[PDB]
file my_file_25.pdb (PDB, C-alpha atoms and all ligand atoms)
ATOM      1  CA  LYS A   9     214.043 125.083 166.397
ATOM      2  CA  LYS A  10     213.356 122.065 168.576
ATOM      3  CA  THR A  11     213.580 118.503 167.406
ATOM      4  CA  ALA A  12     211.684 115.438 168.384
ATOM      5  CA  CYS A  13     212.268 111.806 167.474
ATOM      6  CA  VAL A  14     209.203 109.566 166.802
ATOM      7  CA  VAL A  15     210.058 105.871 166.536
ATOM      8  CA  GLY A  16     208.084 103.786 164.036
ATOM      9  CA  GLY A  17     206.432 106.561 162.139
ATOM     10  CA  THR A  18     204.346 104.274 159.988
ATOM     11  CA  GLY A  19     202.113 103.394 162.909
ATOM     12  CA  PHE A  20     198.636 104.772 163.558
ATOM     13  CA  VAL A  21     199.498 106.831 166.702
ATOM     14  CA  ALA A  22     203.126 107.549 165.577
ATOM     15  CA  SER A  23     202.367 108.941 162.098
ATOM     16  CA  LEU A  24     199.768 111.370 163.442
ATOM     17  CA  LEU A  25     202.156 112.502 166.173
ATOM     18  CA  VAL A  26     204.833 113.238 163.503
ATOM     19  CA  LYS A  27     202.242 115.325 161.691
ATOM     20  CA  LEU A  28     201.136 117.244 164.715
ATOM     21  CA  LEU A  29     204.706 117.904 165.851
ATOM     22  CA  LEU A  30     205.473 119.184 162.267
ATOM     23  CA  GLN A  31     202.477 121.531 162.498
ATOM     24  CA  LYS A  32     203.593 122.771 165.915
ATOM     25  CA  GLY A  33     206.893 123.743 164.303
ATOM     26  CA  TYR A  34     209.152 120.929 165.521
ATOM     27  CA  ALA A  35     211.722 119.413 163.263
ATOM     28  CA  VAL A  36     210.922 115.674 163.450
ATOM     29  CA  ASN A  37     213.053 112.542 162.968
ATOM     30  CA  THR A  38     211.112 109.260 162.582
ATOM     31  CA  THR A  39     212.276 105.685 162.212
ATOM     32  CA  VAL A  40     210.903 102.950 159.917
ATOM     33  CA  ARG A  41     212.306  99.373 159.772
ATOM     34  CA  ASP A  42     212.677  99.637 155.938
ATOM     35  CA  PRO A  43     212.179 103.061 154.222
ATOM     36  CA  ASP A  44     212.330 101.719 150.675
ATOM     37  CA  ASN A  45     208.950  99.986 151.096
ATOM     38  CA  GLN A  46     207.200 102.844 149.267
ATOM     39  CA  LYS A  47     203.627 101.609 149.706
ATOM     40  CA  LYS A  48     204.223 101.356 153.469
ATOM     41  CA  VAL A  49     205.725 104.837 153.955
ATOM     42  CA  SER A  50     203.608 106.774 151.494
ATOM     43  CA  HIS A  51     201.847 108.762 154.203
ATOM     44  CA  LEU A  52     205.160 109.759 155.789
ATOM     45  CA  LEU A  53     206.389 111.059 152.436
ATOM     46  CA  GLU A  54     203.256 113.192 152.280
ATOM     47  CA  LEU A  55     204.152 114.791 155.642
ATOM     48  CA  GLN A  56     207.503 116.188 154.256
ATOM     49  CA  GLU A  57     205.535 119.156 152.872
ATOM     50  CA  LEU A  58     204.558 120.249 156.397
ATOM     51  CA  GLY A  59     208.189 120.774 157.404
ATOM     52  CA  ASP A  60     211.538 119.415 158.489
ATOM     53  CA  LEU A  61     210.978 115.655 158.449
ATOM     54  CA  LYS A  62     213.775 113.071 158.208
ATOM     55  CA  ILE A  63     213.220 109.330 157.943
ATOM     56  CA  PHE A  64     215.841 106.951 159.351
ATOM     57  CA  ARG A  65     216.161 103.171 159.050
ATOM     58  CA  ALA A  66     216.287 101.691 162.551
ATOM     59  CA  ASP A  67     215.437  98.361 164.203
ATOM     60  CA  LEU A  68     213.992  97.710 167.665
ATOM     61  CA  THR A  69     216.329  94.726 168.288
ATOM     62  CA  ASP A  70     219.412  96.683 167.358
ATOM     63  CA  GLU A  71     220.144  99.591 169.760
ATOM     64  CA  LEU A  72     222.949 101.352 167.891
ATOM     65  CA  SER A  73     220.296 101.946 165.282
ATOM     66  CA  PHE A  74     218.762 104.705 167.440
ATOM     67  CA  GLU A  75     221.754 106.976 168.008
ATOM     68  CA  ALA A  76     221.384 108.819 164.769
ATOM     69  CA  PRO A  77     217.598 109.652 164.665
ATOM     70  CA  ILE A  78     217.733 110.634 168.361
ATOM     71  CA  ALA A  79     220.809 112.884 168.093
ATOM     72  CA  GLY A  80     219.948 116.497 168.738
ATOM     73  CA  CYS A  81     216.312 115.779 169.790
ATOM     74  CA  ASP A  82     214.581 117.163 172.903
ATOM     75  CA  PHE A  83     211.892 114.446 173.032
ATOM     76  CA  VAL A  84     211.755 110.793 172.064
ATOM     77  CA  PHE A  85     208.352 109.261 171.567
ATOM     78  CA  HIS A  86     208.026 105.518 171.167
ATOM     79  CA  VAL A  87     204.851 103.466 170.900
ATOM     80  CA  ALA A  88     205.374 100.115 172.742
ATOM     81  CA  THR A  89     202.010  98.521 171.881
ATOM     82  CA  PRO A  90     201.075  99.688 168.409
ATOM     83  CA  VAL A  91     197.637  99.042 166.917
ATOM     84  CA  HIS A  92     197.512  96.339 164.221
ATOM     85  CA  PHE A  93     195.843  96.746 160.800
ATOM     86  CA  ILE A 103     205.859  91.084 173.969
ATOM     87  CA  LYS A 104     209.536  90.114 174.258
ATOM     88  CA  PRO A 105     210.125  92.210 171.117
ATOM     89  CA  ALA A 106     208.343  95.185 172.857
ATOM     90  CA  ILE A 107     210.235  94.939 176.154
ATOM     91  CA  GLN A 108     213.460  94.768 174.201
ATOM     92  CA  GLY A 109     212.536  97.707 171.906
ATOM     93  CA  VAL A 110     211.832  99.879 174.918
ATOM     94  CA  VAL A 111     215.107  99.217 176.685
ATOM     95  CA  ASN A 112     216.942  99.679 173.438
ATOM     96  CA  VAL A 113     215.425 103.117 172.639
ATOM     97  CA  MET A 114     216.043 104.113 176.195
ATOM     98  CA  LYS A 115     219.706 102.971 176.159
ATOM     99  CA  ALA A 116     220.304 105.093 173.103
ATOM    100  CA  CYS A 117     218.623 107.927 174.986
ATOM    101  CA  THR A 118     221.183 107.646 177.851
ATOM    102  CA  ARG A 119     223.991 108.508 175.364
ATOM    103  CA  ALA A 120     222.147 111.478 173.755
ATOM    104  CA  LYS A 121     222.519 114.338 176.271
ATOM    105  CA  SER A 122     220.036 116.471 174.282
ATOM    106  CA  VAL A 123     217.092 114.225 175.336
ATOM    107  CA  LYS A 124     214.885 115.912 177.932
ATOM    108  CA  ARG A 125     212.139 113.356 178.121
ATOM    109  CA  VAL A 126     211.085 110.021 176.770
ATOM    110  CA  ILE A 127     207.418 109.557 176.157
ATOM    111  CA  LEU A 128     206.206 106.035 175.972
ATOM    112  CA  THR A 129     202.870 104.897 174.662
ATOM    113  CA  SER A 130     201.783 101.711 176.500
ATOM    114  CA  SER A 131     198.402 100.122 177.047
ATOM    115  CA  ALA A 132     197.571  96.641 178.313
ATOM    116  CA  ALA A 133     194.247  97.390 176.527
ATOM    117  CA  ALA A 134     195.969  97.764 173.117
ATOM    118  CA  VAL A 135     197.458  94.288 173.409
ATOM    119  CA  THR A 136     193.902  92.910 174.066
ATOM    120  CA  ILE A 137     192.442  94.983 171.207
ATOM    121  CA  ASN A 138     194.997  93.513 168.760
ATOM    122  CA  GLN A 139     194.285  89.949 169.944
ATOM    123  CA  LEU A 140     190.490  90.455 169.922
ATOM    124  CA  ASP A 141     190.624  91.014 166.205
ATOM    125  CA  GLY A 142     192.394  87.648 165.612
ATOM    126  CA  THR A 143     192.350  84.579 163.286
ATOM    127  CA  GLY A 144     191.345  80.880 163.444
ATOM    128  CA  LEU A 145     188.509  81.416 165.912
ATOM    129  CA  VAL A 146     186.496  78.143 166.232
ATOM    130  CA  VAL A 147     182.874  79.171 166.117
ATOM    131  CA  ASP A 148     179.934  76.903 166.957
ATOM    132  CA  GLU A 149     176.242  77.189 167.728
ATOM    133  CA  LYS A 150     176.565  78.758 171.200
ATOM    134  CA  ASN A 151     180.164  80.216 171.206
ATOM    135  CA  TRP A 152     178.884  83.184 169.179
ATOM    136  CA  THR A 153     176.733  84.420 172.082
ATOM    137  CA  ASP A 154     178.351  82.735 175.125
ATOM    138  CA  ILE A 155     181.545  84.792 174.461
ATOM    139  CA  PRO A 163     193.323  83.998 172.403
ATOM    140  CA  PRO A 164     192.762  87.378 174.159
ATOM    141  CA  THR A 165     194.084  88.039 177.694
ATOM    142  CA  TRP A 166     193.174  90.699 180.284
ATOM    143  CA  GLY A 167     193.695  94.291 179.153
ATOM    144  CA  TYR A 168     192.855  96.490 182.161
ATOM    145  CA  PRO A 169     194.042  99.997 181.088
ATOM    146  CA  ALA A 170     195.568 100.744 184.500
ATOM    147  CA  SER A 171     197.673  97.567 184.417
ATOM    148  CA  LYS A 172     201.365  97.984 183.564
ATOM    149  CA  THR A 173     202.617  95.890 180.676
ATOM    150  CA  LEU A 174     206.022  94.223 181.229
ATOM    151  CA  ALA A 175     207.321  96.679 178.619
ATOM    152  CA  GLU A 176     206.108  99.492 180.890
ATOM    153  CA  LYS A 177     207.481  97.930 184.063
ATOM    154  CA  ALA A 178     210.823  97.652 182.321
ATOM    155  CA  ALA A 179     210.809 101.393 181.366
ATOM    156  CA  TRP A 180     210.180 102.648 184.896
ATOM    157  CA  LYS A 181     212.989 100.562 186.452
ATOM    158  CA  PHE A 182     215.344 101.502 183.658
ATOM    159  CA  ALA A 183     214.369 105.164 184.051
ATOM    160  CA  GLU A 184     214.721 104.969 187.849
ATOM    161  CA  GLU A 185     218.207 103.496 187.487
ATOM    162  CA  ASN A 186     219.510 105.744 184.695
ATOM    163  CA  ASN A 187     218.105 109.184 185.578
ATOM    164  CA  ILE A 188     215.802 109.283 182.497
ATOM    165  CA  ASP A 189     212.740 111.535 182.713
ATOM    166  CA  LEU A 190     210.059 109.129 181.460
ATOM    167  CA  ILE A 191     206.332 109.650 181.038
ATOM    168  CA  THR A 192     203.886 106.994 179.888
ATOM    169  CA  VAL A 193     200.602 107.632 178.152
ATOM    170  CA  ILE A 194     197.928 104.967 178.302
ATOM    171  CA  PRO A 195     195.291 105.082 175.572
ATOM    172  CA  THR A 196     192.411 102.660 175.214
ATOM    173  CA  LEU A 197     190.170 102.166 172.179
ATOM    174  CA  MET A 198     191.324 104.782 169.663
ATOM    175  CA  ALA A 199     189.107 105.881 166.759
ATOM    176  CA  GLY A 200     188.690 108.850 164.351
ATOM    177  CA  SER A 201     190.719 108.578 161.192
ATOM    178  CA  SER A 202     194.165 107.235 160.344
ATOM    179  CA  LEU A 203     196.979 108.402 157.983
ATOM    180  CA  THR A 204     197.975 104.758 157.360
ATOM    181  CA  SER A 205     196.867 102.770 154.290
ATOM    182  CA  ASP A 206     195.360  99.910 156.244
ATOM    183  CA  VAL A 207     192.494 100.618 158.703
ATOM    184  CA  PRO A 208     193.618 100.217 162.296
ATOM    185  CA  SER A 209     191.823  97.419 164.156
ATOM    186  CA  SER A 210     190.750  99.788 166.922
ATOM    187  CA  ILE A 211     188.621 101.811 164.565
ATOM    188  CA  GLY A 212     187.060  98.535 163.265
ATOM    189  CA  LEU A 213     186.125  97.545 166.792
ATOM    190  CA  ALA A 214     184.749 101.028 167.545
ATOM    191  CA  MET A 215     182.796 101.183 164.301
ATOM    192  CA  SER A 216     181.396  97.591 164.531
ATOM    193  CA  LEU A 217     178.054  98.650 165.949
ATOM    194  CA  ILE A 218     177.620 100.842 162.889
ATOM    195  CA  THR A 219     178.920  98.458 160.166
ATOM    196  CA  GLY A 220     176.924  95.705 161.904
ATOM    197  CA  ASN A 221     179.970  93.398 161.808
ATOM    198  CA  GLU A 222     178.909  90.817 164.465
ATOM    199  CA  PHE A 223     182.444  89.503 164.678
ATOM    200  CA  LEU A 224     183.868  92.874 165.707
ATOM    201  CA  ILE A 225     180.730  93.566 167.844
ATOM    202  CA  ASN A 226     181.761  90.345 169.674
ATOM    203  CA  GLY A 227     185.175  91.974 169.918
ATOM    204  CA  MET A 228     183.610  95.032 171.619
ATOM    205  CA  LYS A 229     181.861  92.682 174.081
ATOM    206  CA  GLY A 230     185.089  90.889 174.723
ATOM    207  CA  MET A 231     186.727  94.219 175.459
ATOM    208  CA  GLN A 232     184.026  95.170 178.048
ATOM    209  CA  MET A 233     184.752  91.861 179.685
ATOM    210  CA  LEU A 234     188.568  91.604 179.347
ATOM    211  CA  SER A 235     189.255  95.344 179.776
ATOM    212  CA  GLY A 236     186.525  95.841 182.352
ATOM    213  CA  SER A 237     185.298  98.797 180.298
ATOM    214  CA  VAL A 238     184.378 100.303 176.987
ATOM    215  CA  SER A 239     186.480 103.479 176.973
ATOM    216  CA  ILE A 240     187.310 105.516 173.944
ATOM    217  CA  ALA A 241     189.252 108.515 172.554
ATOM    218  CA  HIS A 242     189.986 110.128 169.152
ATOM    219  CA  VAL A 243     193.545 109.244 168.158
ATOM    220  CA  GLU A 244     194.187 112.962 167.736
ATOM    221  CA  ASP A 245     193.362 113.684 171.388
ATOM    222  CA  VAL A 246     195.720 110.786 172.274
ATOM    223  CA  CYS A 247     198.481 112.365 170.172
ATOM    224  CA  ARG A 248     197.999 115.908 171.515
ATOM    225  CA  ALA A 249     198.109 114.419 175.045
ATOM    226  CA  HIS A 250     201.568 112.970 174.196
ATOM    227  CA  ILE A 251     202.817 116.347 173.051
ATOM    228  CA  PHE A 252     201.289 118.023 176.108
ATOM    229  CA  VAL A 253     202.954 115.785 178.702
ATOM    230  CA  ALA A 254     206.221 116.101 176.730
ATOM    231  CA  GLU A 255     206.182 119.863 176.889
ATOM    232  CA  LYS A 256     204.841 120.354 180.359
ATOM    233  CA  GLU A 257     207.899 120.158 182.622
ATOM    234  CA  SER A 258     206.251 119.354 185.907
ATOM    235  CA  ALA A 259     204.247 116.465 184.377
ATOM    236  CA  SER A 260     205.300 113.041 185.640
ATOM    237  CA  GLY A 261     204.316 109.400 185.987
ATOM    238  CA  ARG A 262     201.588 107.777 183.960
ATOM    239  CA  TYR A 263     198.625 109.280 182.165
ATOM    240  CA  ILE A 264     195.538 107.422 181.025
ATOM    241  CA  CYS A 265     193.980 109.082 177.990
ATOM    242  CA  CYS A 266     190.348 108.440 177.236
ATOM    243  CA  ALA A 267     187.427 110.750 176.600
ATOM    244  CA  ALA A 268     184.380 108.539 177.318
ATOM    245  CA  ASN A 269     183.279 105.481 179.251
ATOM    246  CA  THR A 270     180.388 103.245 178.395
ATOM    247  CA  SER A 271     179.219  99.671 177.874
ATOM    248  CA  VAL A 272     178.410  97.977 174.587
ATOM    249  CA  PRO A 273     174.654  97.960 175.171
ATOM    250  CA  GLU A 274     174.639 101.554 176.500
ATOM    251  CA  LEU A 275     176.838 102.561 173.497
ATOM    252  CA  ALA A 276     174.618 100.783 170.913
ATOM    253  CA  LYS A 277     171.579 102.707 172.166
ATOM    254  CA  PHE A 278     173.562 105.964 171.870
ATOM    255  CA  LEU A 279     174.653 105.223 168.288
ATOM    256  CA  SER A 280     171.227 103.779 167.332
ATOM    257  CA  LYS A 281     169.756 107.253 167.877
ATOM    258  CA  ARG A 282     172.624 109.457 166.623
ATOM    259  CA  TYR A 283     172.676 107.426 163.369
ATOM    260  CA  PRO A 284     169.181 106.239 162.308
ATOM    261  CA  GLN A 285     170.488 105.743 158.699
ATOM    262  CA  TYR A 286     172.225 102.523 159.825
ATOM    263  CA  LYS A 287     171.051  99.169 161.164
ATOM    264  CA  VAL A 288     172.445  99.488 164.713
ATOM    265  CA  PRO A 289     171.564  96.425 166.858
ATOM    266  CA  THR A 290     170.220  97.345 170.294
ATOM    267  CA  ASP A 291     169.047  93.989 171.729
ATOM    268  CA  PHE A 292     171.897  92.289 173.626
ATOM    269  CA  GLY A 293     169.866  89.937 175.845
ATOM    270  CA  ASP A 294     171.417  89.572 179.315
ATOM    271  CA  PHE A 295     174.823  90.961 178.301
ATOM    272  CA  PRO A 296     176.029  93.307 181.094
ATOM    273  CA  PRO A 297     174.709  96.860 180.436
ATOM    274  CA  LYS A 298     177.103  98.466 183.009
ATOM    275  CA  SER A 299     180.882  97.888 182.827
ATOM    276  CA  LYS A 300     182.739  96.930 185.997
ATOM    277  CA  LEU A 301     185.159  99.857 185.477
ATOM    278  CA  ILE A 302     185.152 103.594 184.672
ATOM    279  CA  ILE A 303     188.583 104.653 183.389
ATOM    280  CA  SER A 304     189.384 108.181 184.522
ATOM    281  CA  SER A 305     191.504 110.754 182.714
ATOM    282  CA  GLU A 306     191.220 113.307 185.560
ATOM    283  CA  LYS A 307     194.982 113.373 186.199
ATOM    284  CA  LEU A 308     195.579 114.480 182.583
ATOM    285  CA  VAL A 309     192.691 116.945 182.650
ATOM    286  CA  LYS A 310     194.005 118.482 185.925
ATOM    287  CA  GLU A 311     197.474 119.004 184.418
ATOM    288  CA  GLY A 312     195.780 121.252 181.933
ATOM    289  CA  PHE A 313     194.885 119.078 178.958
ATOM    290  CA  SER A 314     191.416 119.347 177.366
ATOM    291  CA  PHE A 315     189.962 116.725 174.999
ATOM    292  CA  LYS A 316     188.862 118.344 171.704
ATOM    293  CA  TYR A 317     186.655 115.343 170.829
ATOM    294  CA  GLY A 318     183.699 113.860 172.573
ATOM    295  CA  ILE A 319     181.854 110.680 171.643
ATOM    296  CA  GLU A 320     179.652 112.516 169.148
ATOM    297  CA  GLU A 321     182.698 113.893 167.406
ATOM    298  CA  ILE A 322     184.822 110.685 167.638
ATOM    299  CA  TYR A 323     181.997 108.856 165.814
ATOM    300  CA  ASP A 324     181.443 111.456 163.132
ATOM    301  CA  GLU A 325     184.993 111.514 162.084
ATOM    302  CA  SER A 326     185.113 107.709 162.210
ATOM    303  CA  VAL A 327     181.980 107.523 160.076
ATOM    304  CA  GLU A 328     183.440 109.923 157.549
ATOM    305  CA  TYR A 329     186.660 107.981 157.566
ATOM    306  CA  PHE A 330     184.790 104.695 157.084
ATOM    307  CA  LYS A 331     182.824 106.204 154.141
ATOM    308  CA  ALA A 332     186.014 107.296 152.417
ATOM    309  CA  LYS A 333     187.474 103.804 152.965
ATOM    310  CA  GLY A 334     184.344 102.407 151.236
ATOM    311  CA  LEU A 335     183.314 100.553 154.382
ATOM    312  CA  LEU A 336     180.028 102.496 154.700
TER     313      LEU A 336
HETATM  314 CL    CL A 401     199.544 102.717 167.146
END
call {"tool": "encode", "arguments": {"input": "my_file_25.pdb", "output": "structure tokens"}}
result
Amino acid sequence: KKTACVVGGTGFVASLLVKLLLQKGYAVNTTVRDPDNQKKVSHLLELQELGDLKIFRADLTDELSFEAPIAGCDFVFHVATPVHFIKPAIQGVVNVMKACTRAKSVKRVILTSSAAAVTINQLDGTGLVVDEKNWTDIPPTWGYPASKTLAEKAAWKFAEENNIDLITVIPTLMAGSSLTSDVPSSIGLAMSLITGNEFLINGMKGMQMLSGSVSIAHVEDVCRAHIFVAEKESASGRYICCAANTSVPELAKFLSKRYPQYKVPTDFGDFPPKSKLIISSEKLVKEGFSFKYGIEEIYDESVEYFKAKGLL
């Protein structure tokens, strides 16, 4: 039986990964900052039924915290840029990876890092000063998916210097459903054209602009891609993971028609109807990975998830 460590198992990407590794027959160790917070870890507890799951207290600042959950594991998965519901992240990454240098069992470290995820978190912010023209004439920084965060740049140099086999996976706007109690922000952004939430619609516009694109994947495709590049020995480097590319206005038309039951706005004025960028997942697809979910499917599950959360 093989063992994998997933850091920060209460996250959106990380909890689903734990689940999928359990179903694939891995034993899984996961770390949470405080396991006694029973509301926070409830979904992890539920995963114990699926198999050999062990939950360790560990802290990203610490770096002696990681020796125990990582002991005996073949793979260590860490999400650097988790989705909400910089110097900390850089430091977490080096710290997990330092621990990994001492654990001779570790075959590969798999890091989740997206400059887009940082922008997505910031786009759904607080204290935004809104006026009469602000709300149309659209703080968040640039989130081009192909850009390397400093966290990521750190990992590659550390890996280069310490003979660690590192792979990075680069997701963009993730939707579908979550195992977490709170709704991840990414799903809110994605589902804004359906809820009609103008604030998060403005978010999606901001993303087209600051990310150069409106690209999307089901979180479950993103998690399977992590397991795939872990297991496939000749895999290397970085892997962008997204299923579909679009623009907000092109997307809104698509969803208008697929979901006539909902008041989907289609008139965007002179807002750019083509994005500057198309984000390609061809490298991942050529390694042998197939996406199980297309845009139709990403939205159905998200809709059903939003219903059950009483948001539709
Ligand atoms: Cl996440």
call {"tool": "resolve_selection", "arguments": {"input": "my_file_25.pdb", "expression": "the PyMOL selection byres (((not hetatm)) within 10 of (chain A and resi 401))", "output": "ChimeraX atom specification"}}
result
/A:16-24,86-93,129-130,134,195,198,202,208-210,243
call {"tool": "resolve_selection", "arguments": {"input": "my_file_25.pdb", "expression": "the PyMOL selection byres (((chain A and resi 55) around 12) and not hetatm)", "output": "ChimeraX atom specification"}}
result
/A:17-18,23-31,35-38,49-54,56-63,203-204
call {"tool": "closest_residue", "arguments": {"input": "my_file_25.pdb", "among": "A:272, A:264, A:211, A:251", "to": "residue 328 in chain A", "atoms": "all atoms listed in the file"}}
result
A:211
call {"tool": "closest_residue", "arguments": {"input": "my_file_25.pdb", "among": "A:219, A:112, A:122, A:139", "to": "residue 286 in chain A", "atoms": "only C-alpha atoms"}}
result
A:219
call {"tool": "residues_around", "arguments": {"input": "my_file_25.pdb", "residues": "residue 146 in chain A", "least_positions_apart": "6", "cutoff": "12 Å", "atoms": "all atoms listed in the file", "output": "list in words"}}
result
residues 152, 155 and 163 of chain A
call {"tool": "resolve_selection", "arguments": {"input": "my_file_25.pdb", "expression": "the PyMOL selection byres (((chain A and resi 249) around 9) and not hetatm)", "output": "list in words"}}
result
residues 193, 244, 245, 246, 247, 248, 250, 251, 252, 253, 254, 263, 265, 308, 313, 314 and 315 of chain A
call {"tool": "atom_distance", "arguments": {"input": "my_file_25.pdb", "atom1": "CA of residue 135 in chain A", "atom2": "CA of residue 151 in chain A"}}
result
22.4 Å
call {"tool": "closest_residue", "arguments": {"input": "my_file_25.pdb", "among": "A:217, A:261, A:327, A:145", "to": "residue 291 in chain A", "atoms": "all atoms listed in the file"}}
result
A:217
call {"tool": "atom_distance", "arguments": {"input": "my_file_25.pdb", "atom1": "CA of residue 34 in chain A", "atom2": "CA of residue 307 in chain A"}}
result
26.2 Å
call {"tool": "closest_residue", "arguments": {"input": "my_file_25.pdb", "among": "A:140, A:319, A:127, A:309", "to": "residue 260 in chain A", "atoms": "only C-alpha atoms"}}
result
A:127
call {"tool": "atom_distance", "arguments": {"input": "my_file_25.pdb", "atom1": "CA of residue 121 in chain A", "atom2": "CA of residue 67 in chain A"}}
result
21.2 Å
call {"tool": "closest_residue", "arguments": {"input": "my_file_25.pdb", "among": "A:85, A:283, A:323, A:166", "to": "residue 230 in chain A", "atoms": "only C-alpha atoms"}}
result
A:166
call {"tool": "residues_near_point", "arguments": {"input": "my_file_25.pdb", "point": "(219.5, 92.7, 169.9)", "cutoff": "10 Å", "atoms": "all atoms listed in the file", "output": "mmCIF file with C-alpha atoms, in the frame of the given file"}}
result
data_model
loop_
_atom_site.group_PDB
_atom_site.id
_atom_site.type_symbol
_atom_site.label_atom_id
_atom_site.label_comp_id
_atom_site.auth_asym_id
_atom_site.auth_seq_id
_atom_site.Cartn_x
_atom_site.Cartn_y
_atom_site.Cartn_z
ATOM 1 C CA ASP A 67 215.437 98.361 164.203
ATOM 2 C CA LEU A 68 213.992 97.710 167.665
ATOM 3 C CA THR A 69 216.329 94.726 168.288
ATOM 4 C CA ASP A 70 219.412 96.683 167.358
ATOM 5 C CA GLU A 71 220.144 99.591 169.760
ATOM 6 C CA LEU A 72 222.949 101.352 167.891
ATOM 7 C CA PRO A 105 210.125 92.210 171.117
ATOM 8 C CA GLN A 108 213.460 94.768 174.201
ATOM 9 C CA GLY A 109 212.536 97.707 171.906
ATOM 10 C CA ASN A 112 216.942 99.679 173.438
#
call {"tool": "closest_residue", "arguments": {"input": "my_file_25.pdb", "among": "A:125, A:48, A:119, A:300", "to": "residue 12 in chain A", "atoms": "all atoms listed in the file"}}
result
A:125
call {"tool": "decode", "arguments": {"input": "my_file_25.pdb", "residues": "range 302-319 of chain A", "atoms": "N, CA and C atoms", "output": "PDB file, in the first residue's frame"}}
result
ATOM      1  N   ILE A 302      -5.629  32.644 -24.768  1.00  0.00           N
ATOM      2  CA  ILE A 302      -6.222  31.303 -24.737  1.00  0.00           C
ATOM      3  C   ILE A 302      -5.183  30.514 -23.962  1.00  0.00           C
ATOM      4  N   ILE A 303      -5.619  29.893 -22.867  1.00  0.00           N
ATOM      5  CA  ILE A 303      -4.732  29.141 -21.972  1.00  0.00           C
ATOM      6  C   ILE A 303      -4.783  27.679 -22.399  1.00  0.00           C
ATOM      7  N   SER A 304      -3.665  27.076 -22.783  1.00  0.00           N
ATOM      8  CA  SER A 304      -3.712  25.758 -23.345  1.00  0.00           C
ATOM      9  C   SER A 304      -3.175  24.753 -22.327  1.00  0.00           C
ATOM     10  N   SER A 305      -3.982  23.711 -22.165  1.00  0.00           N
ATOM     11  CA  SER A 305      -3.671  22.443 -21.504  1.00  0.00           C
ATOM     12  C   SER A 305      -3.188  21.271 -22.376  1.00  0.00           C
ATOM     13  N   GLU A 306      -2.651  21.581 -23.542  1.00  0.00           N
ATOM     14  CA  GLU A 306      -2.165  20.560 -24.484  1.00  0.00           C
ATOM     15  C   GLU A 306      -1.015  19.725 -23.922  1.00  0.00           C
ATOM     16  N   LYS A 307      -0.120  20.347 -23.159  1.00  0.00           N
ATOM     17  CA  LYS A 307       0.979  19.555 -22.567  1.00  0.00           C
ATOM     18  C   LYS A 307       0.433  18.405 -21.715  1.00  0.00           C
ATOM     19  N   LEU A 308      -0.569  18.731 -20.895  1.00  0.00           N
ATOM     20  CA  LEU A 308      -1.179  17.761 -19.962  1.00  0.00           C
ATOM     21  C   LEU A 308      -1.925  16.697 -20.747  1.00  0.00           C
ATOM     22  N   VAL A 309      -2.678  17.135 -21.743  1.00  0.00           N
ATOM     23  CA  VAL A 309      -3.449  16.239 -22.599  1.00  0.00           C
ATOM     24  C   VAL A 309      -2.530  15.310 -23.391  1.00  0.00           C
ATOM     25  N   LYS A 310      -1.409  15.792 -23.908  1.00  0.00           N
ATOM     26  CA  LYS A 310      -0.399  14.942 -24.556  1.00  0.00           C
ATOM     27  C   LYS A 310       0.351  13.952 -23.685  1.00  0.00           C
ATOM     28  N   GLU A 311       0.464  14.212 -22.389  1.00  0.00           N
ATOM     29  CA  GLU A 311       1.016  13.243 -21.444  1.00  0.00           C
ATOM     30  C   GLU A 311       0.060  12.094 -21.267  1.00  0.00           C
ATOM     31  N   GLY A 312      -1.204  12.290 -21.605  1.00  0.00           N
ATOM     32  CA  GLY A 312      -2.125  11.187 -21.446  1.00  0.00           C
ATOM     33  C   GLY A 312      -3.268  11.411 -20.509  1.00  0.00           C
ATOM     34  N   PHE A 313      -3.529  12.670 -20.143  1.00  0.00           N
ATOM     35  CA  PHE A 313      -4.607  13.019 -19.240  1.00  0.00           C
ATOM     36  C   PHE A 313      -5.798  13.423 -20.117  1.00  0.00           C
ATOM     37  N   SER A 314      -6.994  12.975 -19.781  1.00  0.00           N
ATOM     38  CA  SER A 314      -8.226  13.472 -20.398  1.00  0.00           C
ATOM     39  C   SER A 314      -9.109  14.131 -19.322  1.00  0.00           C
ATOM     40  N   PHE A 315      -9.684  15.277 -19.646  1.00  0.00           N
ATOM     41  CA  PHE A 315     -10.649  15.980 -18.841  1.00  0.00           C
ATOM     42  C   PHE A 315     -12.008  15.269 -18.926  1.00  0.00           C
ATOM     43  N   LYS A 316     -12.567  14.889 -17.789  1.00  0.00           N
ATOM     44  CA  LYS A 316     -13.859  14.225 -17.699  1.00  0.00           C
ATOM     45  C   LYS A 316     -14.988  15.233 -17.837  1.00  0.00           C
ATOM     46  N   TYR A 317     -14.743  16.511 -17.537  1.00  0.00           N
ATOM     47  CA  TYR A 317     -15.765  17.540 -17.563  1.00  0.00           C
ATOM     48  C   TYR A 317     -15.561  18.721 -18.481  1.00  0.00           C
ATOM     49  N   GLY A 318     -16.550  18.907 -19.348  1.00  0.00           N
ATOM     50  CA  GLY A 318     -16.556  20.045 -20.223  1.00  0.00           C
ATOM     51  C   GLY A 318     -17.391  21.124 -19.574  1.00  0.00           C
ATOM     52  N   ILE A 319     -17.540  22.241 -20.273  1.00  0.00           N
ATOM     53  CA  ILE A 319     -18.221  23.421 -19.763  1.00  0.00           C
ATOM     54  C   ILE A 319     -19.668  23.128 -19.423  1.00  0.00           C
TER      55      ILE A 319
END
